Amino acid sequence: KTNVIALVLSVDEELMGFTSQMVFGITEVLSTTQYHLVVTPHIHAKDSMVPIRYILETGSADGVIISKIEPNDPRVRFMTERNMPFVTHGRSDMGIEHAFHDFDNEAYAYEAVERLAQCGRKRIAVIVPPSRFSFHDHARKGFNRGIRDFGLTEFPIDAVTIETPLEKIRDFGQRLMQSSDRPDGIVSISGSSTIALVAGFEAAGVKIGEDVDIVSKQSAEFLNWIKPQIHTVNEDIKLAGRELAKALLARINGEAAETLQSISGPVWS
């Protein structure tokens, strides 16, 4: 009716062009269509319902893409109640079937511990999203299973997440390698975070690949350039964009959500 697709994604400090690749992928799918893409950002987490209210009260879009999905997500419920077609980048757990595309963060976290185990590492720390997101739980599940399956121990970290400012993450990283009790392995769920942490580690005297190994996700090729000694897994965010756009269009045409669900796995560099 309006020919607008809305993308609502929170603005994070991010160093790999997530937004660009996501937008690129969406527009690939929309390019042969009459649809315009509009992005509606919010800066704070607490403000995550704000773009949804505007879109729905004004109904200026025909469909909505959202991300950073909680297990009990009020936006999923909100748009489900008002019959606004949507697709999620991520998953919920609330008894509502919807279209989605997600990355397998459980498999990633699990394979990350495995790699670190093959590297001879014994005490693994993990850097995760805030606990309120579904992908935190996926990652924490894969991580738990890896620690156990490979008989290692977790070096615990409650001071940072992947949404902590990169400079504070740099501080923490350095602060962390300057104790006697420190991890010899890191699993990170964010390349942007990894970069900052790697900096702190070095400003603390740590060689990477020798004194500590690190597995990280990456959405862009830029890590293997910076430090090729980091073990990397690729998340395809352009592919996420395309899939989300495909699924949202099909939903707008009334197709069943249950047929519009997909999951992409880790691809080692």
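Just count from 1 along the sequence shown to find any residue number.
Taking only CA atoms, the mean B-factor in the PDB entry is higher for 206-214 than for the other of 36-44 and 206-214.
Once the C-alpha B-factors are averaged per stretch, 99-107 and 189-197 rank with 189-197 first. Across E221, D62, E70, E235, the entry's maximum B-factor at the CA atom is seen for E221. When the C-alpha B-factors of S131, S92, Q174, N144 are ranked from the entry, the top spot goes to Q174. In the deposited entry, the Cα temperature factor of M16 sits in the top third of values across the chain's modelled residues. For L56, the recorded CA temperature factor ranks within the middle third of the chain's modelled residues. Per the PDB record, residue ranking by Cα B-factor puts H138 in the lowest third of the chain. Sort the chain's modelled residues by C-alpha temperature factor and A117 lands in the middle third, per the entry. Looking at the C-alpha B-factors along this chain, the one for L166 belongs to the highest third.
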